[PDB]
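The next block is start-v4.cif, given as mmCIF, C-alpha atoms.
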```cif
data_my_file
#
loop_
_atom_site.group_PDB
_atom_site.id
_atom_site.type_symbol
_atom_site.label_atom_id
_atom_site.label_comp_id
_atom_site.auth_asym_id
_atom_site.auth_seq_id
_atom_site.Cartn_x
_atom_site.Cartn_y
_atom_site.Cartn_z
ATOM 1 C CA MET K 1 -13.063 45.681 31.686
ATOM 2 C CA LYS K 2 -14.465 47.648 28.766
ATOM 3 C CA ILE K 3 -16.358 46.843 25.570
ATOM 4 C CA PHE K 4 -18.582 48.798 23.181
ATOM 5 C CA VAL K 5 -22.183 48.498 22.076
ATOM 6 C CA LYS K 6 -23.754 50.531 19.304
ATOM 7 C CA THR K 7 -27.372 51.063 20.165
ATOM 8 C CA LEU K 8 -30.229 51.806 17.783
ATOM 9 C CA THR K 9 -30.342 55.194 19.506
ATOM 10 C CA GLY K 10 -27.146 56.251 17.762
ATOM 11 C CA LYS K 11 -24.872 56.284 20.772
ATOM 12 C CA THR K 12 -22.251 53.824 21.899
ATOM 13 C CA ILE K 13 -22.326 52.322 25.378
ATOM 14 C CA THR K 14 -19.018 51.333 26.884
ATOM 15 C CA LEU K 15 -19.789 48.433 29.188
ATOM 16 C CA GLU K 16 -17.322 46.596 31.392
ATOM 17 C CA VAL K 17 -17.999 42.959 30.482
ATOM 18 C CA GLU K 18 -15.789 40.008 29.555
ATOM 19 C CA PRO K 19 -15.975 37.180 26.965
ATOM 20 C CA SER K 20 -16.905 34.894 29.849
ATOM 21 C CA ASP K 21 -19.866 37.106 30.600
ATOM 22 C CA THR K 22 -22.930 35.523 29.146
ATOM 23 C CA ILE K 23 -25.088 37.176 26.517
ATOM 24 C CA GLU K 24 -27.816 37.519 29.147
ATOM 25 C CA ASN K 25 -25.523 39.525 31.417
ATOM 26 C CA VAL K 26 -24.541 41.873 28.606
ATOM 27 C CA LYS K 27 -28.163 42.779 27.772
ATOM 28 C CA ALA K 28 -28.759 43.409 31.489
ATOM 29 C CA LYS K 29 -25.484 45.324 31.496
ATOM 30 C CA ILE K 30 -27.016 47.580 28.873
ATOM 31 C CA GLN K 31 -30.172 47.887 30.944
ATOM 32 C CA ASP K 32 -27.875 48.734 33.862
ATOM 33 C CA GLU K 33 -26.731 52.192 32.735
ATOM 34 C CA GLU K 34 -28.867 52.738 29.620
ATOM 35 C CA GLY K 35 -32.116 51.055 30.622
ATOM 36 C CA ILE K 36 -32.679 48.901 27.537
ATOM 37 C CA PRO K 37 -34.928 46.017 28.791
ATOM 38 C CA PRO K 38 -33.196 42.640 28.052
ATOM 39 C CA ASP K 39 -36.517 40.838 27.454
ATOM 40 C CA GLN K 40 -37.012 42.120 23.900
ATOM 41 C CA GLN K 41 -33.622 43.679 23.311
ATOM 42 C CA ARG K 42 -31.190 41.670 21.204
ATOM 43 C CA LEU K 43 -27.508 42.016 20.405
ATOM 44 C CA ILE K 44 -25.978 41.624 16.956
ATOM 45 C CA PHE K 45 -22.273 40.778 16.808
ATOM 46 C CA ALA K 46 -20.845 41.308 13.317
ATOM 47 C CA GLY K 47 -24.057 39.993 11.787
ATOM 48 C CA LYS K 48 -24.661 37.276 14.375
ATOM 49 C CA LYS K 49 -27.859 37.342 16.421
ATOM 50 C CA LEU K 50 -26.833 36.927 20.049
ATOM 51 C CA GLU K 51 -29.095 35.068 22.455
ATOM 52 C CA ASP K 52 -29.141 34.422 26.198
ATOM 53 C CA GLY K 53 -27.930 31.014 27.312
ATOM 54 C CA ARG K 54 -24.333 31.096 26.123
ATOM 55 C CA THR K 55 -21.221 33.160 26.786
ATOM 56 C CA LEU K 56 -19.528 35.758 24.634
ATOM 57 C CA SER K 57 -16.921 33.143 23.835
ATOM 58 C CA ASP K 58 -19.640 30.953 22.332
ATOM 59 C CA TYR K 59 -19.940 33.613 19.640
ATOM 60 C CA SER K 60 -16.182 34.194 19.786
ATOM 61 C CA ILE K 61 -16.674 37.646 21.303
ATOM 62 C CA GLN K 62 -13.865 39.111 23.412
ATOM 63 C CA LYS K 63 -12.938 42.148 25.497
ATOM 64 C CA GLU K 64 -13.087 45.605 23.823
ATOM 65 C CA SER K 65 -15.583 44.122 21.388
ATOM 66 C CA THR K 66 -18.334 46.177 19.780
ATOM 67 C CA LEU K 67 -21.916 44.979 19.886
ATOM 68 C CA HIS K 68 -25.080 46.143 18.165
ATOM 69 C CA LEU K 69 -28.402 46.695 19.919
ATOM 70 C CA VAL K 70 -31.686 45.946 18.199
ATOM 71 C CA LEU K 71 -34.894 46.375 20.170
ATOM 72 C CA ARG K 72 -37.984 44.406 19.174
ATOM 73 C CA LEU K 73 -40.098 46.694 21.325
ATOM 74 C CA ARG K 74 -39.012 50.312 21.132
ATOM 75 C CA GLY K 75 -42.386 52.006 21.116
ATOM 76 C CA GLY K 76 -45.815 51.023 22.316
#
```
Can you dump the structure from the file as structure tokens?
Amino acid sequence: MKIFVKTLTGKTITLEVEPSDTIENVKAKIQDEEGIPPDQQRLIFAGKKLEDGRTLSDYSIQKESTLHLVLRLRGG
């Protein structure tokens, strides 16, 4: 599998998830190889604020899809 996520860093992560993968997995999938902590990190799909508790399909997200990463807590 293979999808894209544009992070607030300016680089794109290519993560192997599926539309059946839940939002919560995907944020942890980003924390997997990038290290962006899911707790305060949120995904924006084409203007839609993603949230843990539902699948990609709930937001009609598919394979090869491109996500956006916004982090509530970037610096402290």
Worksheet item: How would you write, as a PyMOL selection string, the residues chosen by the PyMOL selection byres ((chain K and resi 32-41) around 12) on this structure?
Response: chain K and resi 5-9+11-17+23-31+42-44+49-52+68-75
Worksheet item: Applied to the shown file, which residues does the PyMOL selection byres ((chain K and resi 56) around 8) return, written as a PyMOL selection string?
Response: chain K and resi 18-23+54-55+57-62
Around all listed atoms of range 39-50 of chain K, padded 6 Å per side, what centre and edge lengths does the axis-aligned box have in Å to one decimal, as JSON?
```
{"center_x": -28.9, "center_y": 40.3, "center_z": 19.6, "size_x": 28.2, "size_y": 18.8, "size_z": 27.7}
```
Worksheet item: Once you count all atoms listed in the file, which residues end up no further than 7 Å from (-15.9, 45.8, 22.1) in the file's frame, shown as a ChimeraX atom specification?
Response: /K:3-5,63-67
